[PDB]
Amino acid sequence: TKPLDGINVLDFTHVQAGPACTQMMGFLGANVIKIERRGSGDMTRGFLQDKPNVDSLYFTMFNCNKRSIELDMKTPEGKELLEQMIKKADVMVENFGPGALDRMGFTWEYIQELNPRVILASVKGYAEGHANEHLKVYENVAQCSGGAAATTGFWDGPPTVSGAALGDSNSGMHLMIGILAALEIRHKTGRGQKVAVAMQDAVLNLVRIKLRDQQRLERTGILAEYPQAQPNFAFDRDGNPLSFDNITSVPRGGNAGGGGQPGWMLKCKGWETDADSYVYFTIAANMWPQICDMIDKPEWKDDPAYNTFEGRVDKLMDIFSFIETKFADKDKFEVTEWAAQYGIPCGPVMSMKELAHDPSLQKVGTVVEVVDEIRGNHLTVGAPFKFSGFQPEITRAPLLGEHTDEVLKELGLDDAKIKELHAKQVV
């Protein structure tokens, strides 16, 4: 028994945000019917393919546990089909532009008329009511709109995008929270709701720690845990000093700790010829004696220039630089093992190659080999929530229109009618 067994999802989504939401629902047991445009379908199918005329890894890794039906929703027969499907549905998920679904003939009011129990879930770029609510947002545009780009990277370089899908998949996971919340009250009210997530808002949620920083900066004029708080440390491209004297918006802090304890990205053996030969090393305020033992600096234990966070503000980047010299002949795994002996939070920069072939992630079901006889097997990320009572069973992504007839038969249509729909090119 899986959490969303019996939950029927009408899935209009494409690209990444929406599809990530409905795929993860499918991993938890939902019956996901992906409605695709006749003859082309989700643009990810043909987006950066690795084999010619085979659905891409972009498509397969975001569309497992779904069935595909092709539908021309601009036809009268298509609209009648939708109406029938909505009456069988628990959740409708879409990421069209503002007002698109209303123009297709299906307002929220009309949807409620068709099915009082159906939840309507949307991914948007900007929140409804925002000055910016209508225009488009790709992955990195949301990262920029939500404060992530401005606070990511280095003080002497540009705003920097995250490799993680802070815009797309993050918004999809946020929409999943919204949909599940709507399911929970429906047990009381018996009624579906409209739920929407703007990509800017999903990013801003994760950037909450930097809105803390903005207020601290306004109130106090300094962020003591940032590199720029160290006198004479940070400079711009042209050699101008960067101190909090002149800083009015949360700056980029390089590899500083964020919402963690102070930390830094330190080089390990092989860093010149291996881009990922680094650890993240933390200096937790309650672990200074342990650190002093590790690096053989007993004289730093009782010295007030070193043994409080306040004392270290003027030299912390010097301390990271010295710690780094201890790792010069050790790889990242052996530095991680060394720090762990002291209980010091520290871990490796894992490469994508290391992650793809890691035995442990395959053991726990986080990296999963999907069985696909048509395209060949591939890896995907599984469910990142682990449950005592069940396990996902991940199955291959559908071919375009693979399940059209199967789905129409479930709506009780006879063979003659299915033949008519094909002949009319409705399906």
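The first residue of the shown sequence is 1; numbering continues from there.
- Just going by the entry, 20 to 28 versus 408 to 416 on mean CA temperature factor gives the higher value to 408 to 416.
- Stretches 339 to 347 and 242 to 250 differ in mean C-alpha B factor, with the higher average recorded for 242 to 250.
- For the set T366, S40, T44, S388, the PDB entry assigns the largest Cα B-factor to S40.
- Taking the deposited Cα B-factors for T189, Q214, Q143, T220, the highest one is held by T189.
- For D276, the recorded CA B-factor ranks within the lowest third of the chain. Only modelled residues enter the ranking.
- Among all modelled residues in this chain, the alpha-carbon of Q84 has a temperature factor (C-alpha) in the highest third.
- Remark: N95 belongs to the highest third of its chain, ranked by C-alpha B-factor as recorded.
- Sort the modelled residues of the chain by CA B factor and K124 lands in the highest third.
- Per the PDB record, residue ranking by Cα B-factor puts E133 in the highest third of the chain.
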